[PDB]
Structure formats: structure tokens, C-alpha cells
*Asks:* 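Supplied in C-alpha cells, the structure appears directly below.
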Amino acid sequence: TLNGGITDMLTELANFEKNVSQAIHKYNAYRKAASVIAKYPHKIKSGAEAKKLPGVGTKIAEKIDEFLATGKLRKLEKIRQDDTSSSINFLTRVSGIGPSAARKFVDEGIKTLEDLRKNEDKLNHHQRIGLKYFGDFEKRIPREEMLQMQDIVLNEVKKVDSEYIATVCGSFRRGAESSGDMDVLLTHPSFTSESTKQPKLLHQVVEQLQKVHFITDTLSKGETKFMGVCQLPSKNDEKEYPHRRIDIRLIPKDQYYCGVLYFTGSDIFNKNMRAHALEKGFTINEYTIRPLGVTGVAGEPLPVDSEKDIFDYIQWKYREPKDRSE
DNA sequence: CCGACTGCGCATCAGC
DNA sequence: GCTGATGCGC
DNA sequence: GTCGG
Ligand SMILES: C[C@@H](P(=O)(O)O)P(=O)(O)OP(=O)(O)OC[C@H]1O[C@@H](n2cnc3c(N)ncnc32)C[C@@H]1O
Ligand SMILES: [Mg+2]
Ligand code: NA
Ligand code: NA
Ligand code: NA
């Protein structure tokens, strides 16, 4: 990019603080710094210049001119040499293994992929599927396959019931040329804030996607969130496509604009936009935007009839999805 | 310097 | 079974 | 780790 070396540095520090230190506020601070610096349209020449940016304090600036000077960071050098810290970091890359689990496995001998395979019976379901597909889930999905997946999802959802609206969100909706997984926002007229008429809407769609063998495994499933695994069909004598993570959120139809704002992200965009909401006296979740009273507790949902309405409430210029990749 | 950090679904366990 | 806390993930 | 009150 432009300051790739600095933003990789903060990212790696962010990952270490989350996974090893289990310090998620340092994790988020590091991630905030990485993204504003990733915005910032000049090559950073000193830490003092960077400290001018919101979210960059003294510690990070000192690390920046340490990195700017030598092209490395001693703190990261020894984090990378700590075989324990490196092993914790590695194990968290398995879907279902987080800081706590990864740490347990290391404290009891399990440090490598090979060690996990021999110890499959200490893994919950999610972890087990995450291990089975560890190689595939490290792979990114080219927008071209995302297009086939969408075609499949939107077509099978149309088959169950023509009133379902299915919307691919995440980095796909933001125009990325590759995505990490597939995020599908589902709505249906029979499910609103004031009334759920038919239930099992989400299950109706998941079962039809498994029946046609698109969805292959389940990680978690409830009445409004499906997290699982899918796979494009391949041709005769063709290597298979990698298996892919897929998430489906069933959101009430009258709440689509907040849902689609939440599910389009990016995650950092959502965190900054929601923090600005609070500074203007509002709270945003995937469902509603609500005032904070003079007490400081949420009131009634405000009428929303477009994504732009949410931006207007907090007095932000509309940002098209392509510009929400923070 | 201080609190205060975005928001929540599903799995899981502990305490009833 | 429940509520609540924690873990993990979006 | 940072910061606005
Ligand atoms: C990183 C890309 P990728 O999948 O192409 O690699 P993404 O933007 O699609 O992110 P994803 O993890 O799929 O969550 C999908 C969206 O869910 C929302 N979200 C995810 N994590 C969130 C968080 N911690 N707080 C608030 N909102 C959050 C925005 C994501 O775009
Ligand atoms: Mg995604
Ligand atoms: Na600063
Ligand atoms: Na993980
Ligand atoms: Na996802």
C-alpha cells in the first residue's frame, strides 16, 4: 500500500496483544492506529507526524520511528522468537480456537497442526471443522467465485420462497476483488420487529442449501444466525474448489437498512461509526439507531428508510460501501 | 491525567 | 430447565 | 494504548 510496513507492524502487535497477552483494549487501540494510518495519504516520515493522528500516542510513535529508522521492531523480533507466543498465535488461526483455548492447548503440549490432528478429541465441534478445513480457510475467495456463490445462494433462496431477499454483504458489497468469507443478509416479510408470523425461516434456507450440497458443514446455528461451510461444485477432472466460510444473518425486514449497514462493515468502519453515534447522542446496532436520553440509556428506534438516514442522524456524509473499507 | 473504549448471536459452562 | 459469565466470532 | 471530559 503506502505505509504497509507500519500498518503490518501495528497489526502484528494487535494480534499479539489479543492472542497472547489477552489484552483486547490494547488490541483495539493497535487496530485503530493501523486503520487511520492506512487511511492517511502521505508516507509517514516520523513518529511525531503520526502522533498527530487520532489514536496514535507516544508508545506507537516511538515504535514508528524505531521502525522507520531500522526497518524492524525489536519487540516484534522477540515476540517472533518466543516459541510459546508463536505457538499461541498460530493455534488461534484455527476457526474455533481463540486466545483461551489456544493457550490451554500449548500449556498441555499441543503446539502444532500435527499435534492437534493427533488430539482431535479435545476439540469442540466448531474447532474440529475449523481444523479439518484449516488450509482452505486461509485462502481468499476471488470475486469471481463470490459471483458464482451468490448466484447459487440467491437462486436456492428464491426456490424456497420468492419473498426472501438475500443480499451479499461484507467485503463483497464493498467492492473488494477478493473476500475472506461470504456474508449473506437475509430478510423475509413474515419476520419484522413487531411480529414473527412463520418461524424457522432461516432453517428453511439452510436446509435447502445443504440439500443441493452447497452448504457442507455447520459451525453454529440459531434462529437468526447461521455460521457454516460451503463449496462451489467443480468440473470433471478438476481439482475441487476450497471449502469456504459462509455466514447468514436473518434480520427483520423493517430493520434491513441497519442490518445491511452492520453486515457491510468494515468492522473498523462500524466501530468508528458507532463511536461517533455515541458522541452525537445515539446508539447503533444491526437493528436500530436510538437516542441516548439525558440519562444516557437508549430510547425508541428512529425511523430509518435508507442507509443514508443512519449517516444523516449522526451528521455524517454518506459513504458508499467502496469507501467503508477502513 | 481519567474511565471508557461498538455491539451482539450462538456455544458453553457454572450456579441454581 | 433457567440466568449469567466467558469464549469466540461476525 | 490512547484520550477527551
Ligand atoms: C474482513 C472482511 P472479509 O470477510 O472479506 O475477509 P469482512 O468485512 O467481510 O468481515 P467479516 O469478518 O466477514 O464480517 C462481516 C461484516 O460484520 C460486521 N462486523 C464484523 N465484526 C464486527 C465487529 N467487531 N463490530 C461491528 N461489526 C462487525 C462488519 C463486517 O464487514
Ligand atoms: Mg466477510
Ligand atoms: Na494522537
Ligand atoms: Na480462531
Ligand atoms: Na463472516
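Quick note on labels: first sequence line is chain A, next is B, and so on, each numbered from 1. Note: hydrogens, waters and symmetry copies are ignored here, and every other heavy atom, side chains too, is used.
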*Asks:* What nucleic acid atoms does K221(A) come within less than 4.0 Å of, heavy atoms only: base, sugar-phosphate, or nothing?
*Replies:* sugar-phosphate

*Asks:* For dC2(B), which nucleotide in any strand shown is its Watson-Crick or wobble partner with both distances under 3.5 Å?
*Replies:* none

*Asks:* Going by 5.5 Å between centroids and 30° between planes, is there a stack of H126(A) over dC8(C)?
*Replies:* no

*Asks:* Please name the nucleotide paired to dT12(B) by Watson-Crick or G-U wobble geometry with both distances under 3.5 Å, or report none.
*Replies:* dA5(C)

*Asks:* When rounded to the nearest Å, what value does the distance between P atoms of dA4(B) and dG4(D) take?
*Replies:* 15 Å

*Asks:* What's the closest nucleotide to the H25(A) side chain, out of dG9(B), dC5(B), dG7(B)?
*Replies:* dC5(B)

*Asks:* Let me know the distance between CD1 of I97(A) and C1' of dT12(B), rounded to the nearest Å.
*Replies:* 16 Å

*Asks:* What pucker, north or south, follows for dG1(C) from the sign of the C1'-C2'-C3'-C4' torsion?
*Replies:* north

*Asks:* With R319(A) as the cation and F311(A) as the aromatic partner, state whether NZ or CZ is under 6.0 Å from the six-membered ring centre and within 45° of the axis.
*Replies:* no

*Asks:* Remember a base hit wins even if backbone is also touched, and classify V36(A) as base, sugar-phosphate or nothing at under 4.0 Å, heavy atoms.
*Replies:* nothing

*Asks:* Answer yes or no: is there an ion pair linking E156(A) with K159(A), defined by an N-O contact shorter than 4.0 Å?
*Replies:* yes

*Asks:* With heavy atoms under 4.0 Å as the rule, sort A101(A) into base, sugar-phosphate or nothing.
*Replies:* sugar-phosphate

